[PDB]
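Okay, here we've got a single chain as structure tokens, the form deposited in one PDB entry, with questions on binding and movement later.
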């Protein structure tokens, strides 16, 4: 599927020599756009890790 919080966009070319071809790109949770597997792989090298802390979870109900 699509990794959590990420978005996948699919498009099809409609004119010119490349009509009918498809373009795919991804949007990260922070809104960074990747048009290629190469630029995304490069980004993932150092940025693919995600961490969690207790403070990220709310166990309380307000008034």
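Shifts are known only where both forms have a C-alpha. Numbering follows the first chain given and starts at 1. The term rigid core refers to the maximal set of C-alpha atoms that superpose within 1.5 Å between the two forms.
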Against its chain's modelled residues, does residue 25's Cα B factor rank lowest, middle or highest third? lowest
Among modelled residues of the same chain, the CA temperature factor third for residue 11: lowest
Entry-reported C-alpha B-factor of residue 40 relative to its chain, by third, is lowest
Looking at the C-alpha B-factor of residue 1, is it in the lowest, middle or highest third of its chain? highest
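The same protein has a further form, the form deposited in another entry, not shown here; the description that follows concerns it.
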Yes/no, residue 22 Cα shift of 2 Å or more between the shown form and the other one with rigid core fixed: no
Core superposed first: is there a CA shift of 2 Å or greater at residue 42 between the shown form and the other one? no
With a shift of at least 3 angstroms, figure out whether the C-alpha spacing between residue 54 and residue 27 grows or shrinks in the other entry: closer or farther? closer
Inter-Cα distance between residue 50 and residue 41 in the other entry, nearer or further [3 Å or more]: closer
Superposing on the rigid core, where do three or more consecutive Cα atoms all move 2 Å or more between the shown form and the other one? 14 to 16, 46 to 61
